[PDB]
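Peer 1: Sharing a structure, written as structure tokens. Questions coming.
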Amino acid sequence: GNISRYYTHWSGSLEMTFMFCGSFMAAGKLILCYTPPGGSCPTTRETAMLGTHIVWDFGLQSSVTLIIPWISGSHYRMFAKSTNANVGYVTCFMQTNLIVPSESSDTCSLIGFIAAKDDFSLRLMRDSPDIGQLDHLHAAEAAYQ
Amino acid sequence: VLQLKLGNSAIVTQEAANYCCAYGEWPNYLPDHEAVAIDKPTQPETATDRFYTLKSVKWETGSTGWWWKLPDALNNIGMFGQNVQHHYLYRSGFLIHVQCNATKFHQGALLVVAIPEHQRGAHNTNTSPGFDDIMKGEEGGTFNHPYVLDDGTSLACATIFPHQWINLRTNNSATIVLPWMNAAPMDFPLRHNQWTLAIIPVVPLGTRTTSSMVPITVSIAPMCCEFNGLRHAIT
Amino acid sequence: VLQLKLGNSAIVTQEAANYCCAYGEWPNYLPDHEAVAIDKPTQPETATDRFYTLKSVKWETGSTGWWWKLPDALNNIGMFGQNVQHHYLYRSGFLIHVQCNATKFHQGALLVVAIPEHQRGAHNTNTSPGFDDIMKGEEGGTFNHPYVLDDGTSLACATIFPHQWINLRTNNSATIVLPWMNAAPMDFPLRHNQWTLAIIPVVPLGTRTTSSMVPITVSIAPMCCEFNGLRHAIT
Amino acid sequence: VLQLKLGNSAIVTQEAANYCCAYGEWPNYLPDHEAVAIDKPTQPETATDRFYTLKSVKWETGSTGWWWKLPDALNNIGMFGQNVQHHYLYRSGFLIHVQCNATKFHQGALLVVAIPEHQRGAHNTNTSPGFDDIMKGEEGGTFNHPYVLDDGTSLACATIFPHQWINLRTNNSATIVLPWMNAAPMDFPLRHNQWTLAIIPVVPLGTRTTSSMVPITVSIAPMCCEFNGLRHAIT
Amino acid sequence: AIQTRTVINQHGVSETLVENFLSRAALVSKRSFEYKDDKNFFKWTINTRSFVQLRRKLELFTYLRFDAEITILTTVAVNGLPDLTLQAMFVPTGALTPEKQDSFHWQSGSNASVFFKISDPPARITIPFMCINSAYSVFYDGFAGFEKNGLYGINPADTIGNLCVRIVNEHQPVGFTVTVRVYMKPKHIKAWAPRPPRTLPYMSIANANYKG
């Protein structure tokens, strides 16, 4: 996210990783649904299994490498307020209910990761607007005095 | 080698470890010596050769069983349900991956059995089962009398069909790979169902707490679909 | 060899006899060194590589011209119009077969010209043409000022584009085979139109009876379609 | 092959199964072309190449994180803490073996991350962190704001550093093998800390009983120590 | 706010090189001084922490090794227009820095003075890598003073040195303001141990504090 805000034009595959962080006894299912760009985001789990998805039972399998094909996009300006339209979604619906025993906690969590593959590329370097000085920095004149 | 990853759909489970080629037959396309079957069956790619994961059915202690007639379970769903409502023929085997996720403190045994031509019977009447009693769709149906499989013939002998046991002590999953099981080379999906995935809990679910709502998740992959053509060149 | 027979659609005409490879380029798929274009463009077969025959436009004496922007002419029609409303990319050349059936007692000359990037202009105002002024669809549009092609630039020089003449004395047909004409390798069909099939009657229709309602029939075949994938394997 | 057995210290665990060579670099001694670094660095043997196991930190549900700056964590401890208080130089990589023992009924995820040059920031003030705010020692420190790692930069991107995940579902241990990470060839242990072992629980600990006091035990082995000489022959 | 998209046709990884990422002549210092003959000259300790655009961009890395290519851009504004001679004397670590415009340190032969005029093209000097460690510690987890309650995070080795700019001309009848823009293009850049990009705004140029 933050290195692609130093560059205007950017294009390439990404790679998600969803690590489940419940107990060892905690079983259940998720359905991780990659919607391509231009398609509609699934609202129900029925619509979610119609498209590209992956039904992930977290038994011993607690992590999912999830290759996303070619999230691209850039910045725009006309004769601003022109962003990228949409490059799709990765939604997750409860396929089953969560099953924990009486000693494990009822509330389990998910950590999601994101990485780029070797085909991800960046160009037309710009300045990232994530930072910006407005009033002052403390002892900024101490580099001169 | 099975690799439960068909098309855009995939099932990343860990403990699957075996599958059952039903009647020892892997599903294939229509063989080339059967040209009688109208000359243009299209062979659709992974648009329909993909896992259609149904609702997870809530398996409690007092549950009798579940049945999904194939391909009635998939006539309303997705690119198989779209192709059924346009093509009048089809020829598809099925890959079913039933898995019943549970802890090590649950018990039970599912007879995940795939019944070819499960002509159901109605109980205590001479009227045949109607269209709404047989053709259910995505929800499937619940066994009224699972000891006689709702056709008067015994559950104890129902392992003559292709079946796997989900004994929640040992395994949580069952994978049954169905071939084209019909007398006809192709058939008619809106009014005929070759297979019936029947999941009958022989040993009921048990745990000391309140009645456990353990889900059984069914994923049906129509392997090696064919259909009517509809794109024929009229010269 | 052209053989106007694409997919299930076909045009059995007799007097076609020539076609115009637009800018000398036959339409092809996306070349393999352009992998940047997202990794899964599907290459759809004759589901969309087929003739979409529009309405026959009623060419009278006082008709100015007709224009169909491609692929705006086919975004509501059939398996191309279904794929446009789901896929956000496409890369398709076009085969256009315009023929104007008439007797040997009719006269006229059609400049059946295919204009790449026909950015239209509005007449006598500084407001740009709206969405409903540009994107017409199956009906297409009629030229307001065909001498300046509705963009201020001359009809007399419009033969710089790929064009064929339907001189009703000589031939009734025109076949223009369009390649992928864009700076981008793939593009966006609901908001961009690479080509514009423009049919401008330079010499108007003439016969001594009442104003002859001679039809001009347009058949647009999207040759060598590609699209977005939508069936990618997320591993 | 790792073999967590250094010197007289050893860690007989069973489930370790992997280690992370930090930045792909195994710790080594000072290379022989860097003679500038004063001519006598002693190369101490397993007097300091041994596991210094700290206090087990009590990881509850409301715990934010822990950080041990290396080698500030070991300047008061044992033969490394004795040599720091006499030698002014050192050059040591580190082997860290963090393991968080828990049952199969606990949950959580530790980002056991080793941060080179973790210049901490103070919260909501412009005064720099003091000597007692940075140099903690054997107890280490607790993260005030672990989402920004107490230096304003994000925890979500903190996996750019050498890190391993202790997901208590999968593994209880993390082993990070640190090389000499400094611009200088040797450095000064009482006033500089190259690494900072940061253990941040991203997913907090959870169990239905009272707030579980699960210990996280840190064992830091200063692999491939060097120091000042102090035994030079003045001829 | 409209929502457009375009096919991004790219080729190559060469623009994301770290040599290519950081070598932009960014403005690193800009102050004006009145002149009439600090006491009417421009001195500045060369750091990259003055502007948050280059600072966060360089705090992506732990260790940096670069030749700073300082370009002193000097403009002048009168409170007739004179032609002036300036001295952008670079004062390294150890050489003393001027306190007045006419001190004895401006004529130091060992300091790398550059004498340039306003009507000339801007003065440009390549200040070499002068950390005495083998890389600039962008973050220095540690203290300068040995167990002293002083200042945290200041490496004694990472001092570039004061860049001291004065006007070589003596007293003149007009008083005028001189704005000295210093442009630094780091080059021959090696960079080690990448870091997370900073999210919270800075509070000081001395340290990595945060408000939230």
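Labels for the structure tokens follow display order: chains A, B, ..., residues from 1 in each chain, ligands from 1.
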Would you mind listing, as JSON, numbers by chain, all residues of chain A that have at least one atom within 10 Å of chain E, where only C-alpha atoms are what counts?
Peer 2: {"A": [1, 2, 3, 6, 7, 9, 10, 11, 12, 71, 72, 73, 74, 75, 76, 77, 80, 81, 82, 83, 84, 85, 86, 87, 118, 119, 120, 121, 122, 123, 124, 125, 127, 128, 129, 130, 131, 132, 133, 134, 136, 137, 138, 139, 140, 141, 142, 143, 144, 145]}
Peer 1: List the neighbours of stretch 42-44 of chain A out to 8 Å using only C-alpha atoms; skip same-chain residues closer than 5 positions along the sequence, and give me the result as number ranges by chain.
Peer 2: A: 35, 91, 93
Peer 1: Output N, CA and C atoms for every residue in that selection, as a short mmCIF file (atom, residue, chain, number, x, y, z; two decimals), in the first residue's frame.
Peer 2:
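Printed below is selection18.cif as written:
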```
data_model
loop_
_atom_site.label_atom_id
_atom_site.label_comp_id
_atom_site.auth_asym_id
_atom_site.auth_seq_id
_atom_site.Cartn_x
_atom_site.Cartn_y
_atom_site.Cartn_z
N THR A 35 -13.67 -11.49 -6.24
CA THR A 35 -14.47 -10.90 -7.29
C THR A 35 -13.55 -10.16 -8.24
N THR A 91 -13.87 -11.12 -0.64
CA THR A 91 -14.84 -11.19 0.45
C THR A 91 -14.73 -12.53 1.16
N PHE A 93 -17.19 -15.07 3.64
CA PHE A 93 -18.45 -15.40 4.27
C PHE A 93 -18.26 -16.62 5.16
#
```
Peer 1: Produce a table with one row for each residue of chain D that has an atom at most 9 Å from any atom of chain E, each row naming the nearest atom pair and its distance in Å at one decimal; use only C-alpha atoms; arrange rows by chain and rising residue number; format as JSON lines.
Peer 2:
```
{"residue": "D:23", "atom": "CA", "partner": "E:193", "partner_atom": "CA", "distance": 7.9}
{"residue": "D:69", "atom": "CA", "partner": "E:141", "partner_atom": "CA", "distance": 8.7}
{"residue": "D:115", "atom": "CA", "partner": "E:195", "partner_atom": "CA", "distance": 8.7}
{"residue": "D:116", "atom": "CA", "partner": "E:62", "partner_atom": "CA", "distance": 7.4}
{"residue": "D:117", "atom": "CA", "partner": "E:141", "partner_atom": "CA", "distance": 4.6}
{"residue": "D:118", "atom": "CA", "partner": "E:141", "partner_atom": "CA", "distance": 5.3}
{"residue": "D:119", "atom": "CA", "partner": "E:141", "partner_atom": "CA", "distance": 4.4}
{"residue": "D:120", "atom": "CA", "partner": "E:208", "partner_atom": "CA", "distance": 6.5}
{"residue": "D:121", "atom": "CA", "partner": "E:209", "partner_atom": "CA", "distance": 4.1}
{"residue": "D:122", "atom": "CA", "partner": "E:209", "partner_atom": "CA", "distance": 5.1}
{"residue": "D:123", "atom": "CA", "partner": "E:210", "partner_atom": "CA", "distance": 5.5}
{"residue": "D:124", "atom": "CA", "partner": "E:211", "partner_atom": "CA", "distance": 4.5}
{"residue": "D:125", "atom": "CA", "partner": "E:209", "partner_atom": "CA", "distance": 7.0}
{"residue": "D:126", "atom": "CA", "partner": "E:203", "partner_atom": "CA", "distance": 6.1}
{"residue": "D:127", "atom": "CA", "partner": "E:209", "partner_atom": "CA", "distance": 8.1}
{"residue": "D:128", "atom": "CA", "partner": "E:152", "partner_atom": "CA", "distance": 6.1}
{"residue": "D:129", "atom": "CA", "partner": "E:152", "partner_atom": "CA", "distance": 6.4}
{"residue": "D:130", "atom": "CA", "partner": "E:149", "partner_atom": "CA", "distance": 6.5}
{"residue": "D:131", "atom": "CA", "partner": "E:149", "partner_atom": "CA", "distance": 6.0}
{"residue": "D:132", "atom": "CA", "partner": "E:149", "partner_atom": "CA", "distance": 8.9}
{"residue": "D:134", "atom": "CA", "partner": "E:142", "partner_atom": "CA", "distance": 8.2}
{"residue": "D:135", "atom": "CA", "partner": "E:142", "partner_atom": "CA", "distance": 8.7}
{"residue": "D:148", "atom": "CA", "partner": "E:199", "partner_atom": "CA", "distance": 7.8}
{"residue": "D:150", "atom": "CA", "partner": "E:210", "partner_atom": "CA", "distance": 8.0}
{"residue": "D:151", "atom": "CA", "partner": "E:208", "partner_atom": "CA", "distance": 5.5}
{"residue": "D:152", "atom": "CA", "partner": "E:200", "partner_atom": "CA", "distance": 5.1}
{"residue": "D:153", "atom": "CA", "partner": "E:198", "partner_atom": "CA", "distance": 4.0}
{"residue": "D:154", "atom": "CA", "partner": "E:199", "partner_atom": "CA", "distance": 6.2}
{"residue": "D:155", "atom": "CA", "partner": "E:196", "partner_atom": "CA", "distance": 8.0}
{"residue": "D:156", "atom": "CA", "partner": "E:196", "partner_atom": "CA", "distance": 8.3}
{"residue": "D:157", "atom": "CA", "partner": "E:196", "partner_atom": "CA", "distance": 5.1}
{"residue": "D:158", "atom": "CA", "partner": "E:196", "partner_atom": "CA", "distance": 5.7}
{"residue": "D:159", "atom": "CA", "partner": "E:196", "partner_atom": "CA", "distance": 8.2}
{"residue": "D:160", "atom": "CA", "partner": "E:195", "partner_atom": "CA", "distance": 6.2}
{"residue": "D:161", "atom": "CA", "partner": "E:195", "partner_atom": "CA", "distance": 6.9}
{"residue": "D:181", "atom": "CA", "partner": "E:193", "partner_atom": "CA", "distance": 8.9}
{"residue": "D:182", "atom": "CA", "partner": "E:63", "partner_atom": "CA", "distance": 8.3}
{"residue": "D:183", "atom": "CA", "partner": "E:134", "partner_atom": "CA", "distance": 4.9}
{"residue": "D:184", "atom": "CA", "partner": "E:133", "partner_atom": "CA", "distance": 4.6}
{"residue": "D:185", "atom": "CA", "partner": "E:133", "partner_atom": "CA", "distance": 7.9}
{"residue": "D:190", "atom": "CA", "partner": "E:147", "partner_atom": "CA", "distance": 7.1}
{"residue": "D:191", "atom": "CA", "partner": "E:143", "partner_atom": "CA", "distance": 5.2}
{"residue": "D:192", "atom": "CA", "partner": "E:142", "partner_atom": "CA", "distance": 3.9}
{"residue": "D:193", "atom": "CA", "partner": "E:141", "partner_atom": "CA", "distance": 5.6}
{"residue": "D:194", "atom": "CA", "partner": "E:141", "partner_atom": "CA", "distance": 6.5}
{"residue": "D:195", "atom": "CA", "partner": "E:141", "partner_atom": "CA", "distance": 8.2}
{"residue": "D:196", "atom": "CA", "partner": "E:141", "partner_atom": "CA", "distance": 8.8}
```
Peer 1: Just to confirm, what's the straight-line distance from atom CA of residue B:2 to atom CA of residue C:229 in Å (one decimal)?
Peer 2: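 Separation between atom CA of residue B:2 and atom CA of residue C:229: 24.8 Å.
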Peer 1: Quick one: residues within 12 Å of residue D:87, only C-alpha atoms, excluding same-chain residues fewer than 5 positions away - as a PDB file with C-alpha atoms, in the first residue's frame?
Peer 2:
```
ATOM      1  CA  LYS D  40      43.035  -7.440  19.105  1.00  0.00           C
ATOM      2  CA  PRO D  41      39.398  -8.416  19.153  1.00  0.00           C
ATOM      3  CA  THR D  42      39.260 -11.484  21.301  1.00  0.00           C
ATOM      4  CA  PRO D  44      35.413 -15.548  23.223  1.00  0.00           C
ATOM      5  CA  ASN D  75      24.351  -6.171  29.856  1.00  0.00           C
ATOM      6  CA  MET D  79      29.545 -13.645  31.335  1.00  0.00           C
ATOM      7  CA  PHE D  80      28.110 -11.398  28.665  1.00  0.00           C
ATOM      8  CA  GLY D  81      27.180  -8.828  31.295  1.00  0.00           C
ATOM      9  CA  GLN D  82      30.621  -9.130  32.853  1.00  0.00           C
ATOM     10  CA  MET D 186      32.112  -3.343  16.033  1.00  0.00           C
ATOM     11  CA  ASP D 187      30.062  -1.270  18.441  1.00  0.00           C
ATOM     12  CA  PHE D 188      29.392  -0.163  21.995  1.00  0.00           C
ATOM     13  CA  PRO D 189      27.027  -2.211  24.158  1.00  0.00           C
ATOM     14  CA  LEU D 190      26.319   0.137  27.059  1.00  0.00           C
ATOM     15  CA  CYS D 225      30.768 -12.810  20.167  1.00  0.00           C
ATOM     16  CA  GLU D 226      33.844 -10.697  19.904  1.00  0.00           C
ATOM     17  CA  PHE D 227      35.001  -7.964  22.241  1.00  0.00           C
ATOM     18  CA  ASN D 228      37.883  -5.727  23.097  1.00  0.00           C
ATOM     19  CA  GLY D 229      41.088  -7.642  23.731  1.00  0.00           C
ATOM     20  CA  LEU D 230      42.485  -6.357  27.087  1.00  0.00           C
ATOM     21  CA  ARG D 231      45.199  -9.034  26.911  1.00  0.00           C
TER      22      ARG D 231
END
```
Peer 1: List every residue of stretch 6-130 of chain A that DSSP, applied to the backbone of this structure, places in alpha helix (DSSP H), and write the result as a PyMOL selection string.
Peer 2: chain A and resi 45-48
Peer 1: Okay, now the selection with N, CA and C atoms, as a PDB file, in the first residue's frame?
Peer 2:
```pdb
ATOM      1  N   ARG A  45     -23.860 -15.512   0.670  1.00  0.00           N
ATOM      2  CA  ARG A  45     -22.896 -16.581   0.464  1.00  0.00           C
ATOM      3  C   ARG A  45     -23.254 -17.408  -0.763  1.00  0.00           C
ATOM      4  N   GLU A  46     -24.527 -17.401  -1.169  1.00  0.00           N
ATOM      5  CA  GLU A  46     -24.932 -18.079  -2.396  1.00  0.00           C
ATOM      6  C   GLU A  46     -24.309 -17.420  -3.616  1.00  0.00           C
ATOM      7  N   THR A  47     -24.366 -16.084  -3.683  1.00  0.00           N
ATOM      8  CA  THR A  47     -23.700 -15.335  -4.744  1.00  0.00           C
ATOM      9  C   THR A  47     -22.188 -15.489  -4.656  1.00  0.00           C
ATOM     10  N   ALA A  48     -21.681 -15.739  -3.453  1.00  0.00           N
ATOM     11  CA  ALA A  48     -20.247 -15.802  -3.222  1.00  0.00           C
ATOM     12  C   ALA A  48     -19.629 -17.076  -3.785  1.00  0.00           C
TER      13      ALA A  48
END
```
Peer 1: Can you tell me how far atom CA of residue B:78 sits from atom CA of residue B:93, in Å to one decimal?
Peer 2: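 Computed distance, atom CA of residue B:78 to atom CA of residue B:93, equals 17.1 Å.
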Peer 1: Using only C-alpha atoms, find the residues of chain A whose closest atom to chain B is at most 12 Å away, then write them as a PyMOL selection string.
Peer 2: chain A and resi 23-36+44-68+93-104
Peer 1: Write out, as an mmCIF file, in the first residue's frame, the residues just selected, with C-alpha atoms.
Peer 2:
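Writing the result to out05.cif gives the following:
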```
data_model
loop_
_atom_site.group_PDB
_atom_site.id
_atom_site.type_symbol
_atom_site.label_atom_id
_atom_site.label_comp_id
_atom_site.auth_asym_id
_atom_site.auth_seq_id
_atom_site.Cartn_x
_atom_site.Cartn_y
_atom_site.Cartn_z
ATOM 1 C CA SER A 23 -7.525 -22.594 19.127
ATOM 2 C CA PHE A 24 -6.317 -25.927 17.805
ATOM 3 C CA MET A 25 -9.703 -27.500 18.520
ATOM 4 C CA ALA A 26 -11.537 -24.686 16.717
ATOM 5 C CA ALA A 27 -13.030 -25.972 13.467
ATOM 6 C CA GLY A 28 -15.214 -24.287 10.892
ATOM 7 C CA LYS A 29 -15.258 -23.049 7.329
ATOM 8 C CA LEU A 30 -14.811 -19.819 5.422
ATOM 9 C CA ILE A 31 -15.349 -19.072 1.747
ATOM 10 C CA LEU A 32 -12.837 -16.532 0.425
ATOM 11 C CA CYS A 33 -14.236 -15.023 -2.753
ATOM 12 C CA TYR A 34 -12.166 -13.132 -5.300
ATOM 13 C CA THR A 35 -14.468 -10.898 -7.288
ATOM 14 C CA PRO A 36 -12.809 -9.641 -10.487
ATOM 15 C CA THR A 44 -24.906 -13.400 0.184
ATOM 16 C CA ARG A 45 -22.896 -16.581 0.464
ATOM 17 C CA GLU A 46 -24.932 -18.079 -2.396
ATOM 18 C CA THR A 47 -23.700 -15.335 -4.744
ATOM 19 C CA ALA A 48 -20.247 -15.802 -3.222
ATOM 20 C CA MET A 49 -19.836 -19.441 -4.281
ATOM 21 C CA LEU A 50 -20.974 -18.657 -7.824
ATOM 22 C CA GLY A 51 -17.849 -16.658 -8.619
ATOM 23 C CA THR A 52 -14.218 -17.379 -7.941
ATOM 24 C CA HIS A 53 -13.930 -18.634 -4.386
ATOM 25 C CA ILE A 54 -12.074 -21.016 -2.133
ATOM 26 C CA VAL A 55 -13.907 -22.979 0.554
ATOM 27 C CA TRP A 56 -11.411 -23.045 3.413
ATOM 28 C CA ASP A 57 -11.957 -25.503 6.227
ATOM 29 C CA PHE A 58 -9.623 -24.520 9.038
ATOM 30 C CA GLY A 59 -8.763 -27.907 10.477
ATOM 31 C CA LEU A 60 -5.029 -28.398 10.428
ATOM 32 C CA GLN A 61 -4.955 -25.897 7.539
ATOM 33 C CA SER A 62 -4.629 -22.510 9.229
ATOM 34 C CA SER A 63 -3.214 -20.389 6.367
ATOM 35 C CA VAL A 64 -4.311 -19.787 2.768
ATOM 36 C CA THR A 65 -2.009 -18.521 0.067
ATOM 37 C CA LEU A 66 -4.414 -16.598 -2.163
ATOM 38 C CA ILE A 67 -3.069 -15.500 -5.555
ATOM 39 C CA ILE A 68 -4.902 -12.417 -6.835
ATOM 40 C CA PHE A 93 -18.452 -15.404 4.275
ATOM 41 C CA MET A 94 -19.061 -17.857 7.069
ATOM 42 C CA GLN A 95 -19.728 -21.141 5.311
ATOM 43 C CA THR A 96 -20.360 -23.019 8.544
ATOM 44 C CA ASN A 97 -20.759 -21.736 12.066
ATOM 45 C CA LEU A 98 -17.690 -21.528 14.281
ATOM 46 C CA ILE A 99 -17.164 -24.638 16.411
ATOM 47 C CA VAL A 100 -15.151 -24.218 19.590
ATOM 48 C CA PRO A 101 -15.225 -26.577 22.593
ATOM 49 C CA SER A 102 -16.242 -25.577 26.100
ATOM 50 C CA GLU A 103 -12.700 -24.599 27.112
ATOM 51 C CA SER A 104 -11.580 -22.732 23.997
#
```
Peer 1: From the list C:86, C:25, C:96, C:39, which residue is nearest residue C:112 when using only C-alpha atoms?
Peer 2: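 Nearest candidate to residue C:112 out of C:86, C:25, C:96, C:39: C:96.
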Peer 1: Find the residues near residue C:98: any atom within 6 Å, counting only C-alpha atoms, skip ones fewer than 5 places away on the same chain, and give them as a ChimeraX atom specification.
Peer 2: /C:173-174,217-218
Peer 1: From a backbone DSSP assignment, name each residue in stretch 16-192 of chain B labelled strand (DSSP E), as a VMD selection string.
Peer 2: chain B and resid 20 to 21 52 to 53 57 to 59 66 to 70 94 to 100 109 to 116 141 to 142 163 to 167 173 to 178
Peer 1: Work out how far atom CA of residue E:71 is from atom CA of residue E:182, in Å to one decimal.
Peer 2: 5.7 Å
